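Residue numbers (the entry's author numbering), protein chains in the order written: chain A, 1983 to 2014, 2031 to 2034; chain B, 769 to 816; chain C, 961 to 1008; chain D, 82 to 398; chain E, 82 to 398; chain F, 1878 to 1930; chain G, 806 to 855; chain H, 2243 to 2294.
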């Protein structure tokens, strides 16, 4: 579809996005082998 | 303006219910339609 | 009024994608996710 | 802010190579030079709105003024394949051209990066080494053999077969740059993918005979002139990055190294400001039986090629 | 992720233009086409480790399969300059070739961007327009004339003269792409720099005669083959960015515009998703008396060229 | 006390009784929950899994 | 593009090992989960006296 | 903010690995979705049973 069947702005996807963003920020701010 | 709104509302298989449409409501130089979304969309709790 | 006018009907936009409740079948994928990573940056300029 | 001199920039490979060198953010001045038809190439490249200056020199008379302040010497001069003519006469003409060019470089600029392109480079890099030795200015750390075409072809074939992303794929290649001597290290390919035996066999023969495939696909119209320019431009930009002081200039070149009994060998090297800084020692061990027997097969042919080159470079005048 | 088809990618301009198109980060499929010697070009370009795939089609029989799903059509076809050959027979050969190619693209893919490179493009764009009109598939917003080379030459000469840093220097160019009709707008050059009288005179004559300087510098070896490929690649990249949805795609092209009485005119345009979106109307107001009488002088010459083009394009079969 | 008694006791504390019951009319958020639960099961072997409905 | 490869091809092997380990444990524990034969109290633990 | 193009590609590789792992074991989620459509409520013991 032309993206016609997505489920924008509902419950758990926002929490998942916030959790991933927070995890990424925590990982990046504390970098001061695992990572290339 | 109102006729175009009504036409593009009623050109669709599953748009909201068109209650009515009034030109110059109470002397104001404007116009208004009333559309009531279907109950399934309310029960869904999200938008597509 | 448009019942006997036969307008050009729009396609349905909000028809729900649904799974058969008990039809045992491997429903397919394309084979991927559709997300594209955000990487837009021009090449560095000359005289370096 | 470096200076690059292409020796033979009016032939087949020379014009696209100059076109690619001009448009790089590292080159600022460039001497085109060939025995003929170098005025038009410089006139054509003088209109592009890139700040890399273009000057050109015609004939051996101005070759003395061509190699002043030069940091990188590019030598793509050499006649392409012609009808009715064999390996021996091409060896002689290309060898004579590279003798004159490296002798001009040794007379003018001993301290410039030397890139030898003319074919066969397996027996041509030793010629350049010998004619640099004869003047007492031989620097083994500043003389390379452009062998990036095998790496590019290996990456292309591997990413086409295994269906991987083309930028991420890089395949180590050792040996030389003539047919059988090119051994791709398919067991050391990143990203990690498992290969079969038939796939490795077909990839190896395709990599070894891709140049033959192109020269028969052209129906005798010459050799590879766009992929050769691509690989030469990649190696030139890598060498220019090495001159910048960049600490991860890793390439695959045919240089005088002591990994095996052969004096010259193509492998992964790490280039620095002064030229060769290290040679990657992780490539020659860890091989399977396939790469082992392929290496011991190509060793004698590479030795014969290097002996032919060093013997032809030492003939009396 | 777009498809580009080069019609005539085995001539002088075609091979460097195809090589530059291959290195673009937006091309995903490339359809080379020429009457002969296109297998070798595809063999050369099939080994580069770039995810833009390369396919070639030989002969007008397979030209019908060349134009499937093609978004941008590039036409650099046309024989270079030959000794003993006058203007009219050259125009006949190039015009017949472009007429057959425009008939082919009209039959196969009428919703693709059309770029005309064959010289003179002043009398060739009307030929393509009339041929597209004859099939009822003409779109005036999706047919361009490549005159970017004049802009590049103007920028290079102005940055060389005024000692400005060449990256920011852009000079508007109006008229066409043949000699006197090219008028650089030196009074609207950014960055803002003050010019004298004789400097403007010599810069204008140099910009107008840089093409003939190129063709006499080569001593009859052809025309510009690296700068023309540069300008064509720049315009192709800009058109591909226009298809990508960028809202600041501004170029200088020879298109059908009504800013003057002339149907076709080279000026600054803004390209969108559906082709031409806007024409910069402010280019013709604000000129001094020099540019005014230059436009008055070039109008009749451009009108004659366009009339000759339309006259040839409607000749009976 | 068997497994079922503990499960029914846990279900009665972290679940809210509700009238005018309606289920999901678009299958496709079901796959989201299924994938997240499978990933949370196999990968993070020290975290709970709330029931899917 | 400016983006070269990221975290590894080695920690992907680590997470694949974790996935495979948990998958085999689940597969094993879904078959041999219940084998109970008897539970007799040892109210005569003889090693204490005899 | 020179730190916006790094997280995106990391999530891209995470999505690619998740896609590659889910594609091979697609039958597990397919039968499991059929089960969830069949019986309305669902627990982790049913996870471990239906992993086959």
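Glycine included, every Cβ here is placed at the ideal spot set by N, Cα and C.
{"Item": "I need the straight-line Cα distance from residue 131/D to residue 109/D, nearest angstrom please.", "Value": "9 Å"}
{"Item": "Compare the beta carbon distance of residue 263/D and residue 256/D with 8 Å and say whether it is the shorter of the two.", "Value": "yes"}
{"Item": "Can you name the residues of chain C whose CB is closer than 9 Å to the CB of residue 850/G?", "Value": "Residues of chain C passing the Cβ test: none, with the nearest at roughly 55 Å."}
{"Item": "Pull out every residue of the stretch 1895-1916 of chain F whose Cβ sits closer than 8 Å to any Cβ of chain B, in chain order.", "Value": "1899, 1902 and 1903"}
{"Item": "Along the beta strand (DSSP E) that carries residue 324/D, what are the first and last residues, could you check?", "Value": "Here residue 324/D belongs to no beta strand (DSSP E); instead the alpha helix (DSSP H) covers 308-324."}
{"Item": "Mark residue 121/D as exposed unless 16 or more other C-beta atoms lie within 10 angstroms of its C-beta, in which case mark it buried.", "Value": "buried"}
{"Item": "With distance defined between alpha-carbon atoms, name the residue in 185/E, 192/E, 228/E and 168/E nearest to residue 206/E.", "Value": "228/E"}
{"Item": "Counting along the chain, where does the beta strand (DSSP E) carrying residue 96/E start and finish?", "Value": "Run containing residue 96/E: none in the beta strand (DSSP E); it sits in the alpha helix (DSSP H), 95-103."}
{"Item": "Shortest alpha-carbon distance to residue 203/D belongs to which of 390/D, 85/D, 282/D and 394/D?", "Value": "390/D"}
{"Item": "Would residue 101/D and residue 307/E qualify as a contact pair, given that the criterion is a beta-carbon distance under 8 Å?", "Value": "no"}
{"Item": "Using only the alpha-carbon positions, how far apart do residue 278/E and residue 349/E sit?", "Value": "25 Å"}
{"Item": "Looking at the ligand COA, does it come within less than 7 Å of residue 247/E, judged from the CB to the closest heavy atom?", "Value": "Here there are no bound small molecules, and the ligand COA is not part of this structure."}
{"Item": "Any residues in the stretch 811-835 of chain G with a beta carbon nearer than 9 Å to a beta carbon of chain D? Which ones, in chain order?", "Value": "814, 815, 817 and 818"}
{"Item": "Residues of chain D with CB under 7 Å from residue 1008/C, in chain order?", "Value": "106 and 107"}
{"Item": "Can you give me the Cβ contacts of residue 366/D inside the same chain, cut-off strictly under 7 Å, excluding the 5 residues immediately before and after it?", "Value": "none"}
{"Item": "Contact defined as beta carbons within less than 8 Å: I believe residue 2293/H pairs with residue 832/G. What is the distance between those atoms, to the nearest angstrom?", "Value": "7 Å"}
{"Item": "Quick one: using the 10 Å Cβ neighbour count with 16 as the cut-off for buried, is residue 201/D buried or exposed?", "Value": "buried"}
{"Item": "Please name the residue in 167/E, 377/E, 265/E and 274/E whose C-alpha comes closest to that of residue 290/E.", "Value": "265/E"}
{"Item": "Below 6 Å CB to CB, which residues in the same chain sit around residue 305/D once its five sequence neighbours on both sides are set aside?", "Value": "295"}
{"Item": "Rank 154/D, 382/D, 136/D and 140/D by C-alpha distance to the C-alpha of residue 314/D and give the top, closest one.", "Value": "154/D"}
{"Item": "Tell me residue 256/E's beta-bridge partners as DSSP assigns them.", "Value": "347/E"}
{"Item": "How about residue 2249/H and residue 2006/A: are their beta carbons less than 8 Å apart?", "Value": "yes"}
{"Item": "Got a sec: which bits of the stretch 978-1004 of chain C sit with their beta carbon under 8 Å from any beta carbon on chain G, in order along the chain?", "Value": "997, 999 and 1001"}
{"Item": "Establish whether the CB of residue 371/D and some CB of chain E are separated by less than 8 Å.", "Value": "no"}
{"Item": "Comparing alpha-carbon positions, which option in 151/E, 118/E, 148/E and 124/E lies nearest residue 139/E?", "Value": "118/E"}
{"Item": "Note down the Cα distance separating residue 1986/A from residue 198/D, rounded to an integer number of angstroms.", "Value": "56 Å"}
{"Item": "Output the distance between the C-alpha atoms of residue 1900/F and residue 981/C, rounded to the nearest integer angstrom.", "Value": "14 Å"}
{"Item": "Counting only the same chain and skipping the five closest in sequence on each side, list residues whose C-beta sits under 7 Å from that of residue 384/D.", "Value": "343"}
{"Item": "In chain A, which residues lie less than 7 Å from residue 973/C when you measure between Cβ atoms?", "Value": "1986"}
{"Item": "Drop a sphere of 10 angstroms on the beta-carbon of residue 398/D, count the other beta-carbons inside from all chains shown, and report buried for 16 or more, exposed for fewer.", "Value": "exposed"}
{"Item": "Where does the unbroken beta strand (DSSP E) through residue 265/D begin, and where does it stop?", "Value": "263-265"}
{"Item": "Could you work out which residues of chain C lie near residue 131/D, taking near to mean beta carbons separated by less than 7 Å?", "Value": "1006"}
{"Item": "With a cut-off of 8 Å, does the C-beta of residue 2245/H fall near any C-beta of chain C?", "Value": "no"}
{"Item": "Taking only runs of the beta strand (DSSP E) that begin and end inside the stretch 210-246 of chain E, which ones reach a length of at least 3 residues, in chain order?", "Value": "224-226"}
{"Item": "In chain H, which residues lie less than 9 Å from residue 2001/A when you measure between Cβ atoms?", "Value": "Going along chain H, no residue has its Cβ under 9 Å from residue 2001/A, so there is no contact; the nearest lies around 12 Å."}
{"Item": "Determine the contact status of residue 1902/F and residue 812/B, defining contact as a CB-CB distance below 8 Å.", "Value": "yes"}
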